Every structure is written in C-alpha cells, then in structure tokens.
>>> print(open('data_5.cif').read())   # mmCIF, C-alpha atoms; chains and numbers go by the auth columns
data_coords
loop_
_atom_site.group_PDB
_atom_site.id
_atom_site.type_symbol
_atom_site.label_atom_id
_atom_site.label_comp_id
_atom_site.label_asym_id
_atom_site.label_seq_id
_atom_site.Cartn_x
_atom_site.Cartn_y
_atom_site.Cartn_z
_atom_site.B_iso_or_equiv
_atom_site.auth_seq_id
_atom_site.auth_asym_id
ATOM 1 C CA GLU A 1 123.169 -41.189 34.521 0.00 1 W
ATOM 2 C CA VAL A 2 119.721 -42.535 33.694 0.00 2 W
ATOM 3 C CA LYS A 3 119.710 -46.313 34.143 0.00 3 W
ATOM 4 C CA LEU A 4 116.953 -48.850 33.457 0.00 4 W
ATOM 5 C CA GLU A 5 117.189 -52.636 33.575 0.00 5 W
ATOM 6 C CA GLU A 6 114.493 -55.205 32.798 0.00 6 W
ATOM 7 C CA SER A 7 114.350 -58.729 34.169 0.00 7 W
ATOM 8 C CA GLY A 8 111.960 -61.673 34.241 0.00 8 W
ATOM 9 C CA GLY A 9 111.619 -62.557 30.580 0.00 9 W
ATOM 10 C CA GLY A 10 111.610 -66.116 29.337 0.00 10 W
ATOM 11 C CA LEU A 11 109.930 -69.058 27.668 0.00 11 W
ATOM 12 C CA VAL A 12 106.308 -69.488 28.712 0.00 12 W
ATOM 13 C CA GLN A 13 103.326 -71.602 27.677 0.00 13 W
ATOM 14 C CA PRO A 14 100.257 -70.027 25.953 0.00 14 W
ATOM 15 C CA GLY A 15 97.694 -69.245 28.658 0.00 15 W
ATOM 16 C CA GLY A 16 100.564 -68.892 31.120 0.00 16 W
ATOM 17 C CA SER A 17 101.778 -65.993 33.211 0.00 17 W
ATOM 18 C CA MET A 18 105.010 -64.047 33.650 0.00 18 W
ATOM 19 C CA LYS A 19 106.155 -61.029 35.671 0.00 19 W
ATOM 20 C CA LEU A 20 108.677 -58.526 34.360 0.00 20 W
ATOM 21 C CA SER A 21 110.546 -56.098 36.557 0.00 21 W
ATOM 22 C CA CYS A 22 112.448 -52.917 35.854 0.00 22 W
ATOM 23 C CA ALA A 23 115.070 -51.460 38.195 0.00 23 W
ATOM 24 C CA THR A 24 115.810 -47.749 37.705 0.00 24 W
ATOM 25 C CA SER A 25 118.092 -44.962 38.905 0.00 25 W
ATOM 26 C CA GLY A 26 119.375 -41.543 37.845 0.00 26 W
ATOM 27 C CA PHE A 27 116.118 -39.552 37.665 0.00 27 W
ATOM 28 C CA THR A 28 113.278 -38.414 39.965 0.00 28 W
ATOM 29 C CA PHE A 29 111.165 -41.577 40.046 0.00 29 W
ATOM 30 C CA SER A 30 108.328 -40.019 42.109 0.00 30 W
ATOM 31 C CA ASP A 31 107.459 -37.640 39.259 0.00 31 W
ATOM 32 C CA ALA A 32 107.980 -40.114 36.418 0.00 32 W
ATOM 33 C CA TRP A 33 105.274 -41.631 34.264 0.00 33 W
ATOM 34 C CA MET A 34 106.604 -45.133 33.593 0.00 34 W
ATOM 35 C CA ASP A 35 105.984 -47.352 30.576 0.00 35 W
ATOM 36 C CA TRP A 36 106.395 -50.732 28.951 0.00 36 W
ATOM 37 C CA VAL A 37 106.989 -50.930 25.202 0.00 37 W
ATOM 38 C CA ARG A 38 107.470 -54.166 23.296 0.00 38 W
ATOM 39 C CA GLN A 39 109.141 -55.070 20.033 0.00 39 W
ATOM 40 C CA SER A 40 106.879 -57.829 18.766 0.00 40 W
ATOM 41 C CA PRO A 41 107.725 -59.872 15.650 0.00 41 W
ATOM 42 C CA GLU A 42 104.225 -59.149 14.351 0.00 42 W
ATOM 43 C CA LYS A 43 103.737 -55.424 14.970 0.00 43 W
ATOM 44 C CA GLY A 44 107.200 -54.073 15.628 0.00 44 W
ATOM 45 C CA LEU A 45 107.668 -51.450 18.348 0.00 45 W
ATOM 46 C CA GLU A 46 104.427 -50.776 20.192 0.00 46 W
ATOM 47 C CA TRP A 47 103.519 -49.140 23.467 0.00 47 W
ATOM 48 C CA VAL A 48 101.954 -51.623 25.940 0.00 48 W
ATOM 49 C CA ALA A 49 101.237 -49.910 29.260 0.00 49 W
ATOM 50 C CA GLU A 50 101.619 -46.704 31.240 0.00 50 W
ATOM 51 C CA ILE A 51 101.433 -45.936 34.947 0.00 51 W
ATOM 52 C CA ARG A 52 101.187 -42.311 36.117 0.00 52 W
ATOM 53 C CA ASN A 53 102.850 -40.851 39.171 0.00 53 W
ATOM 54 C CA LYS A 54 101.347 -40.793 42.678 0.00 54 W
ATOM 55 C CA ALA A 55 99.993 -37.260 42.153 0.00 55 W
ATOM 56 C CA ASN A 56 97.875 -38.612 39.269 0.00 56 W
ATOM 57 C CA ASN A 57 96.496 -41.515 41.354 0.00 57 W
ATOM 58 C CA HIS A 58 99.108 -43.984 39.986 0.00 58 W
ATOM 59 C CA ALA A 59 96.565 -44.356 37.172 0.00 59 W
ATOM 60 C CA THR A 60 97.102 -47.158 34.676 0.00 60 W
ATOM 61 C CA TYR A 61 96.592 -47.261 30.922 0.00 61 W
ATOM 62 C CA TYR A 62 96.898 -50.190 28.512 0.00 62 W
ATOM 63 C CA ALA A 63 96.974 -50.995 24.814 0.00 63 W
ATOM 64 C CA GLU A 64 93.633 -52.562 23.802 0.00 64 W
ATOM 65 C CA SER A 65 95.393 -55.842 22.931 0.00 65 W
ATOM 66 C CA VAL A 66 96.642 -56.458 26.505 0.00 66 W
ATOM 67 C CA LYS A 67 93.913 -54.700 28.494 0.00 67 W
ATOM 68 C CA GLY A 68 92.531 -57.127 31.063 0.00 68 W
ATOM 69 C CA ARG A 69 95.478 -59.554 30.848 0.00 69 W
ATOM 70 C CA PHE A 70 98.388 -57.309 31.842 0.00 70 W
ATOM 71 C CA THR A 71 98.887 -55.265 35.026 0.00 71 W
ATOM 72 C CA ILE A 72 101.468 -52.494 35.290 0.00 72 W
ATOM 73 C CA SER A 73 102.578 -51.436 38.777 0.00 73 W
ATOM 74 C CA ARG A 74 105.251 -49.399 40.499 0.00 74 W
ATOM 75 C CA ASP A 75 107.229 -49.259 43.726 0.00 75 W
ATOM 76 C CA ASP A 76 108.300 -45.661 44.364 0.00 76 W
ATOM 77 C CA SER A 77 110.553 -46.460 47.339 0.00 77 W
ATOM 78 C CA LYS A 78 112.365 -49.076 45.244 0.00 78 W
ATOM 79 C CA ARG A 79 112.040 -46.951 42.085 0.00 79 W
ATOM 80 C CA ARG A 80 110.929 -50.027 40.137 0.00 80 W
ATOM 81 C CA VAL A 81 108.139 -50.677 37.645 0.00 81 W
ATOM 82 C CA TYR A 82 106.593 -54.071 36.901 0.00 82 W
ATOM 83 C CA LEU A 83 104.466 -55.779 34.288 0.00 83 W
ATOM 84 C CA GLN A 84 102.447 -58.803 35.335 0.00 84 W
ATOM 85 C CA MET A 85 101.359 -60.705 32.258 0.00 85 W
ATOM 86 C CA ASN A 86 98.533 -63.238 32.403 0.00 86 W
ATOM 87 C CA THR A 87 96.827 -65.483 29.829 0.00 87 W
ATOM 88 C CA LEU A 88 99.755 -65.004 27.471 0.00 88 W
ATOM 89 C CA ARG A 89 99.166 -65.321 23.702 0.00 89 W
ATOM 90 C CA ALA A 90 101.436 -65.966 20.713 0.00 90 W
ATOM 91 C CA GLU A 91 100.930 -62.256 19.893 0.00 91 W
ATOM 92 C CA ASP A 92 102.715 -61.313 23.145 0.00 92 W
ATOM 93 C CA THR A 93 106.050 -62.826 22.056 0.00 93 W
ATOM 94 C CA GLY A 94 108.700 -60.118 21.804 0.00 94 W
ATOM 95 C CA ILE A 95 111.345 -57.959 23.466 0.00 95 W
ATOM 96 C CA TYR A 96 109.933 -55.993 26.401 0.00 96 W
ATOM 97 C CA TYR A 97 111.458 -52.628 27.340 0.00 97 W
ATOM 98 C CA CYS A 98 110.863 -50.336 30.268 0.00 98 W
ATOM 99 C CA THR A 99 111.092 -46.623 29.695 0.00 99 W
ATOM 100 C CA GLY A 100 109.025 -43.577 30.628 0.00 100 W
ATOM 101 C CA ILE A 101 108.912 -39.806 31.079 0.00 101 W
ATOM 102 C CA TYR A 102 111.779 -38.263 33.104 0.00 102 W
ATOM 103 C CA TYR A 103 114.931 -36.107 32.908 0.00 103 W
ATOM 104 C CA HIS A 104 114.783 -33.286 30.307 0.00 104 W
ATOM 105 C CA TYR A 105 112.790 -35.052 27.572 0.00 105 W
ATOM 106 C CA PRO A 106 109.036 -35.669 27.903 0.00 106 W
ATOM 107 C CA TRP A 107 109.134 -38.845 25.747 0.00 107 W
ATOM 108 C CA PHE A 108 110.808 -42.288 25.742 0.00 108 W
ATOM 109 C CA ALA A 109 114.384 -41.032 25.514 0.00 109 W
ATOM 110 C CA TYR A 110 116.006 -43.752 27.649 0.00 110 W
ATOM 111 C CA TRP A 111 115.173 -47.464 27.435 0.00 111 W
ATOM 112 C CA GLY A 112 116.477 -50.534 29.251 0.00 112 W
ATOM 113 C CA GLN A 113 118.284 -53.397 27.440 0.00 113 W
ATOM 114 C CA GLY A 114 115.028 -55.298 26.907 0.00 114 W
ATOM 115 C CA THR A 115 114.005 -58.758 28.072 0.00 115 W
ATOM 116 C CA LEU A 116 112.847 -61.497 25.671 0.00 116 W
ATOM 117 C CA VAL A 117 109.452 -63.097 26.258 0.00 117 W
ATOM 118 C CA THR A 118 108.834 -66.213 24.147 0.00 118 W
ATOM 119 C CA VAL A 119 105.346 -67.771 24.150 0.00 119 W
ATOM 120 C CA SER A 120 105.770 -71.320 22.865 0.00 120 W
ATOM 121 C CA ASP B 1 96.474 -44.217 16.888 0.00 1 U
ATOM 122 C CA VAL B 2 98.833 -42.225 14.679 0.00 2 U
ATOM 123 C CA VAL B 3 100.302 -44.478 11.985 0.00 3 U
ATOM 124 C CA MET B 4 104.001 -43.997 11.166 0.00 4 U
ATOM 125 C CA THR B 5 105.419 -45.393 7.893 0.00 5 U
ATOM 126 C CA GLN B 6 109.006 -45.439 6.613 0.00 6 U
ATOM 127 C CA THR B 7 110.379 -45.717 3.092 0.00 7 U
ATOM 128 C CA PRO B 8 112.195 -47.972 2.451 0.00 8 U
ATOM 129 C CA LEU B 9 112.162 -51.035 4.704 0.00 9 U
ATOM 130 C CA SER B 10 115.703 -51.851 3.541 0.00 10 U
ATOM 131 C CA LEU B 11 118.169 -49.201 2.314 0.00 11 U
ATOM 132 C CA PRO B 12 121.298 -50.688 0.649 0.00 12 U
ATOM 133 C CA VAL B 13 124.076 -48.151 -0.021 0.00 13 U
ATOM 134 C CA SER B 14 127.820 -47.940 -0.574 0.00 14 U
ATOM 135 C CA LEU B 15 130.095 -46.758 2.240 0.00 15 U
ATOM 136 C CA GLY B 16 130.625 -43.029 1.726 0.00 16 U
ATOM 137 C CA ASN B 17 127.247 -42.584 0.010 0.00 17 U
ATOM 138 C CA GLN B 18 124.391 -40.392 1.228 0.00 18 U
ATOM 139 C CA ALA B 19 121.316 -42.256 2.524 0.00 19 U
ATOM 140 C CA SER B 20 117.922 -40.659 3.134 0.00 20 U
ATOM 141 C CA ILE B 21 114.944 -42.148 4.983 0.00 21 U
ATOM 142 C CA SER B 22 111.349 -41.001 4.574 0.00 22 U
ATOM 143 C CA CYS B 23 108.960 -41.033 7.541 0.00 23 U
ATOM 144 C CA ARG B 24 105.275 -40.142 7.181 0.00 24 U
ATOM 145 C CA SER B 25 102.584 -39.743 9.835 0.00 25 U
ATOM 146 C CA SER B 26 98.827 -40.188 9.403 0.00 26 U
ATOM 147 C CA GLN B 27 98.256 -37.033 11.453 0.00 27 U
ATOM 148 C CA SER B 28 100.007 -33.665 11.931 0.00 28 U
ATOM 149 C CA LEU B 29 102.776 -34.001 14.539 0.00 29 U
ATOM 150 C CA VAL B 30 102.544 -30.341 15.556 0.00 30 U
ATOM 151 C CA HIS B 31 101.649 -30.271 19.247 0.00 31 U
ATOM 152 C CA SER B 32 99.438 -27.561 20.769 0.00 32 U
ATOM 153 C CA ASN B 33 102.612 -25.936 22.176 0.00 33 U
ATOM 154 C CA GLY B 34 103.621 -25.426 18.536 0.00 34 U
ATOM 155 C CA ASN B 35 106.535 -27.856 18.699 0.00 35 U
ATOM 156 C CA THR B 36 106.868 -31.103 16.677 0.00 36 U
ATOM 157 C CA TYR B 37 107.690 -34.327 18.522 0.00 37 U
ATOM 158 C CA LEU B 38 109.086 -36.525 15.756 0.00 38 U
ATOM 159 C CA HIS B 39 112.134 -38.525 16.775 0.00 39 U
ATOM 160 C CA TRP B 40 114.573 -41.030 15.289 0.00 40 U
ATOM 161 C CA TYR B 41 116.187 -44.010 16.981 0.00 41 U
ATOM 162 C CA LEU B 42 118.948 -46.337 15.806 0.00 42 U
ATOM 163 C CA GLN B 43 119.000 -50.008 16.855 0.00 43 U
ATOM 164 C CA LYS B 44 121.939 -52.405 16.455 0.00 44 U
ATOM 165 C CA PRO B 45 121.462 -56.216 16.536 0.00 45 U
ATOM 166 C CA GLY B 46 120.516 -57.547 19.974 0.00 46 U
ATOM 167 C CA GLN B 47 120.455 -54.015 21.437 0.00 47 U
ATOM 168 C CA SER B 48 117.806 -51.446 22.444 0.00 48 U
ATOM 169 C CA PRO B 49 116.714 -48.558 20.217 0.00 49 U
ATOM 170 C CA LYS B 50 118.910 -45.547 21.033 0.00 50 U
ATOM 171 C CA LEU B 51 117.691 -41.970 20.601 0.00 51 U
ATOM 172 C CA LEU B 52 119.457 -40.330 17.645 0.00 52 U
ATOM 173 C CA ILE B 53 117.487 -37.242 16.618 0.00 53 U
ATOM 174 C CA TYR B 54 114.689 -35.618 18.612 0.00 54 U
ATOM 175 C CA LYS B 55 112.045 -33.010 17.738 0.00 55 U
ATOM 176 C CA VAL B 56 112.741 -33.265 13.994 0.00 56 U
ATOM 177 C CA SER B 57 116.297 -31.959 13.892 0.00 57 U
ATOM 178 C CA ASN B 58 118.027 -32.009 17.317 0.00 58 U
ATOM 179 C CA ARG B 59 121.031 -34.317 17.738 0.00 59 U
ATOM 180 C CA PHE B 60 121.082 -36.407 20.879 0.00 60 U
ATOM 181 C CA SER B 61 124.226 -36.702 23.025 0.00 61 U
ATOM 182 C CA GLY B 62 127.167 -37.966 20.993 0.00 62 U
ATOM 183 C CA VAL B 63 125.395 -38.087 17.629 0.00 63 U
ATOM 184 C CA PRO B 64 127.615 -36.831 14.771 0.00 64 U
ATOM 185 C CA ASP B 65 126.681 -33.965 12.451 0.00 65 U
ATOM 186 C CA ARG B 66 126.522 -36.387 9.481 0.00 66 U
ATOM 187 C CA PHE B 67 122.986 -37.101 10.749 0.00 67 U
ATOM 188 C CA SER B 68 120.463 -34.393 9.878 0.00 68 U
ATOM 189 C CA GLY B 69 116.739 -34.477 10.423 0.00 69 U
ATOM 190 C CA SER B 70 114.205 -32.327 8.601 0.00 70 U
ATOM 191 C CA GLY B 71 110.566 -32.070 7.583 0.00 71 U
ATOM 192 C CA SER B 72 107.314 -30.838 9.089 0.00 72 U
ATOM 193 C CA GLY B 73 103.638 -31.616 9.603 0.00 73 U
ATOM 194 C CA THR B 74 103.211 -35.199 8.435 0.00 74 U
ATOM 195 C CA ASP B 75 106.359 -35.572 6.293 0.00 75 U
ATOM 196 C CA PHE B 76 109.871 -36.090 7.651 0.00 76 U
ATOM 197 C CA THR B 77 113.348 -37.082 6.523 0.00 77 U
ATOM 198 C CA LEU B 78 116.533 -38.405 8.106 0.00 78 U
ATOM 199 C CA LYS B 79 119.626 -37.754 6.047 0.00 79 U
ATOM 200 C CA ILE B 80 122.790 -39.731 6.758 0.00 80 U
ATOM 201 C CA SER B 81 125.754 -38.202 4.954 0.00 81 U
ATOM 202 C CA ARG B 82 128.885 -40.184 4.155 0.00 82 U
ATOM 203 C CA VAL B 83 127.606 -43.496 5.528 0.00 83 U
ATOM 204 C CA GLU B 84 130.084 -45.386 7.745 0.00 84 U
ATOM 205 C CA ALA B 85 129.968 -48.910 9.213 0.00 85 U
ATOM 206 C CA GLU B 86 129.009 -47.500 12.622 0.00 86 U
ATOM 207 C CA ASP B 87 125.793 -46.095 11.041 0.00 87 U
ATOM 208 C CA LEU B 88 124.510 -49.499 9.970 0.00 88 U
ATOM 209 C CA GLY B 89 121.474 -50.766 11.841 0.00 89 U
ATOM 210 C CA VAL B 90 117.712 -50.264 11.862 0.00 90 U
ATOM 211 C CA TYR B 91 116.406 -46.704 12.063 0.00 91 U
ATOM 212 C CA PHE B 92 112.953 -46.030 13.512 0.00 92 U
ATOM 213 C CA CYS B 93 111.013 -42.815 13.450 0.00 93 U
ATOM 214 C CA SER B 94 108.515 -42.196 16.246 0.00 94 U
ATOM 215 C CA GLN B 95 105.960 -39.611 17.295 0.00 95 U
ATOM 216 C CA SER B 96 105.244 -38.454 20.848 0.00 96 U
ATOM 217 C CA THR B 97 102.923 -35.532 20.018 0.00 97 U
ATOM 218 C CA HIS B 98 99.806 -37.706 20.380 0.00 98 U
ATOM 219 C CA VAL B 99 98.973 -40.413 22.923 0.00 99 U
ATOM 220 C CA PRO B 100 99.758 -43.263 22.568 0.00 100 U
ATOM 221 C CA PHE B 101 103.295 -42.755 21.248 0.00 101 U
ATOM 222 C CA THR B 102 103.818 -44.730 18.041 0.00 102 U
ATOM 223 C CA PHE B 103 106.697 -46.036 15.928 0.00 103 U
ATOM 224 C CA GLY B 104 107.537 -46.476 12.274 0.00 104 U
ATOM 225 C CA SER B 105 108.249 -50.004 11.051 0.00 105 U
ATOM 226 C CA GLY B 106 111.945 -49.295 10.621 0.00 106 U
ATOM 227 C CA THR B 107 114.558 -48.965 7.883 0.00 107 U
ATOM 228 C CA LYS B 108 117.585 -51.241 7.716 0.00 108 U
ATOM 229 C CA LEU B 109 120.654 -49.271 6.559 0.00 109 U
ATOM 230 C CA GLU B 110 123.010 -51.784 4.945 0.00 110 U
ATOM 231 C CA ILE B 111 125.977 -51.974 2.569 0.00 111 U
ATOM 232 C CA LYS B 112 125.642 -53.572 -0.850 0.00 112 U
ATOM 233 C CA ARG B 113 128.630 -54.073 -3.163 0.00 113 U
#
>>> encode(input="data_5.cif", output="structure tokens")
Amino acid sequence: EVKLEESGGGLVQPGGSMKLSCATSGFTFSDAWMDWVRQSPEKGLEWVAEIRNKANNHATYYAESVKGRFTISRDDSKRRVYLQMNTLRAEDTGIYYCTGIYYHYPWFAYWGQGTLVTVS
Amino acid sequence: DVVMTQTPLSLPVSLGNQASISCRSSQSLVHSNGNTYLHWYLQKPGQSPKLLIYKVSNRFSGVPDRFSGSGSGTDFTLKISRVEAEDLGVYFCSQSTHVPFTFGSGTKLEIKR
C-alpha cells in the first residue's frame, strides 16, 4: 500500500516561515521524483515543487511564484520529503499535498491527506 | 503551462440522471509515446483528490463502470451515468503529458430538486 502523510501546516504571519514534512511508505523511494502540490483558494490545484531522485542529482524545480522562497528537500533513508517555506505571502494560503512519481503510474496518482497552511 | 478548463463549474442534477463534464486543454495532450495523459480526480469535502479515471478512459482501483471517460487531443469528457449520492463531490481533470502537470478548476456535482 502506497502511503503518504503531510505534517507541519498551520497559522503563520505574512513574512513568516513554516516547514512541511511528508512521511511515505509502500513504494521505492530511492527512484521516486517527489512533489508538493497545493490547493490555493486563489488558483485552485497547482504544482509547487519537484525534487528528482539521487541519480538525477536530487535536482529541484519550483513554480515561478515560490521560486526563491521555498526549498524542497528529501531524506532517502527516512523516505521523507520536505517543503521549507520562507517569506510567506497571502497567496501561499492553501492545502498542501505531497505526492510524486512511483508505483505503476508516472503521474500524481497517490496524494497525502493534505495539511492546511493559513497566512493571516 | 497547459491551461485546463472545465464546463461547468457547478453541475446540478437529479439522482439517477446522467451527468457529463467537459474538460479542454490549451495544448494537445498526446505525448511523444503516442499515449494521452488526461486524468480525472474526485474530491469530497475536507479530503484529498482521489484518482478516478486515468489516461482518458481507464478506471482506477474500485471505480464503478458508471464512470466513463472519453475524448482526445484537446477535448475530453467524463460521463457519470445514473448519478448516486456517493458520486457527489468536485471533479477535476488534469494533464501529465507536459511539465508542469496542471489541473482544471473543478466541477461540483450536486443534486437539485
């Protein structure tokens, strides 16, 4: 069974910072490209960040709107992925999901429950 | 990025009716491998989007045959036959042919009397 679970969401002040975590199991994490997607009340569902596997230099990619403020990272031995958010904006309010590329489907087939980030 | 649009935003029906959702992309969703990566998710209140139909027409685990997906290129349709209460929610189409993956704005399937 593929399992993903986000944590770390909450109420934060504009300009503030917040770190989200995602615990995973049930697929080969070393191969996986991992992702954060948010459901913002302004844009709806939108991809935020991607981190490639070790064999592709753990390379990171970001939506233009968060590039420079957000950092996506991974721990392969823990099989976790993280999103450090800095200089948070009203725009960033929303439900944050971790997902990625694994199992038999090369798209976001399995998502976590989502964690709510509210920028006051 | 590829823009995905759904018609309508809100889709009121009667229980037992057929409902059909339109999903259009700003770009062909045919990948270079010749396959089309247009998917549908269903989301219930307070929950995550759950994969419903993948690659136009394939039913995900546990999804009943009342759900049928069709279409090609830039124009796609989800047909929900004989709507039941368990089908209510917000349906999203999404493309994963092109990077970044993008999502339609959603369609709320709801009962009106």
>>> atom_distance(input="data_5.cif", atom1="atom CA of residue 58 of chain W", atom2="atom CA of residue 99 of chain U")
17.4 Å
>>> closest_residue(input="data_5.cif", among="U:70, U:14, U:28, U:5", to="chain W", atoms="all atoms listed in the file")
U:5
>>> resolve_selection(input="data_5.cif", expression="the PyMOL selection byres ((chain U) within 12 of (chain W))", output="ChimeraX atom specification")
/U:1-5,37-55,58,60-61,90-107
>>> residues_around(input="data_5.cif", residues="residue 24 of chain W", least_positions_apart="2", cutoff="6 Å", atoms="all atoms listed in the file", output="MDAnalysis selection string")
chainID W and resid 3:4 79:80
>>> residues_around(input="data_5.cif", residues="residue 12 of chain U", least_positions_apart="3", cutoff="6 Å", atoms="all atoms listed in the file", output="list in words")
residues 110, 111 and 112 of chain U
>>> atom_distance(input="data_5.cif", atom1="atom CA of residue 84 of chain U", atom2="atom CA of residue 71 of chain U")
23.6 Å
>>> closest_residue(input="data_5.cif", among="U:19, U:80, U:88, U:63", to="residue 108 of chain U", atoms="all atoms listed in the file")
U:88
>>> atom_distance(input="data_5.cif", atom1="atom CA of residue 91 of chain W", atom2="atom CA of residue 15 of chain W")
11.7 Å
>>> residues_around(input="data_5.cif", residues="residue 68 of chain U", least_positions_apart="2", cutoff="7 Å", atoms="all atoms listed in the file", output="VMD selection string")
chain U and resid 57 65 to 66 70 78 to 80
>>> write_last_selection(input="data_5.cif", atoms="C-alpha atoms", output="compact mmCIF listing (two decimals), in the coordinates of the input")
# COMPACT_ATOMS: atom_id res chain seq x y z
CA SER U 57 116.30 -31.96 13.89
CA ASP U 65 126.68 -33.97 12.45
CA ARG U 66 126.52 -36.39 9.48
CA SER U 70 114.20 -32.33 8.60
CA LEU U 78 116.53 -38.40 8.11
CA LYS U 79 119.63 -37.75 6.05
CA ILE U 80 122.79 -39.73 6.76
>>> residues_around(input="data_5.cif", residues="residue 76 of chain U", least_positions_apart="6", cutoff="9 Å", atoms="all atoms listed in the file", output="list in words")
residues 21, 22, 23, 24, 25, 38, 56, 69, 70 and 93 of chain U
>>> axis_aligned_box(input="data_5.cif", around="segment 38-43 of chain U", padding_each_side="5 Å", output="lines of an AutoDock Vina configuration file")
center_x = 114.0
center_y = -43.3
center_z = 16.1
size_x = 19.9
size_y = 23.5
size_z = 11.7
>>> closest_residue(input="data_5.cif", among="W:72, W:51, W:116, W:34", to="residue 93 of chain W", atoms="all atoms listed in the file")
W:116
>>> resolve_selection(input="data_5.cif", expression="the PyMOL selection byres ((chain U and resi 18) around 8)", output="number ranges by chain")
U: 13, 16-17, 19-20, 79-83
>>> residues_around(input="data_5.cif", residues="residue 52 of chain W", least_positions_apart="5", cutoff="9 Å", atoms="all atoms listed in the file", output="PyMOL selection string")
chain W and resi 31-35+57-61
>>> resolve_selection(input="data_5.cif", expression="the PyMOL selection byres ((chain W and resi 27) around 8)", output="mmCIF file with C-alpha atoms, in the coordinates of the input")
data_model
loop_
_atom_site.group_PDB
_atom_site.id
_atom_site.type_symbol
_atom_site.label_atom_id
_atom_site.label_comp_id
_atom_site.auth_asym_id
_atom_site.auth_seq_id
_atom_site.Cartn_x
_atom_site.Cartn_y
_atom_site.Cartn_z
ATOM 1 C CA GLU W 1 123.169 -41.189 34.521
ATOM 2 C CA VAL W 2 119.721 -42.535 33.694
ATOM 3 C CA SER W 25 118.092 -44.962 38.905
ATOM 4 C CA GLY W 26 119.375 -41.543 37.845
ATOM 5 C CA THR W 28 113.278 -38.414 39.965
ATOM 6 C CA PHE W 29 111.165 -41.577 40.046
ATOM 7 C CA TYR W 102 111.779 -38.263 33.104
ATOM 8 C CA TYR W 103 114.931 -36.107 32.908
#
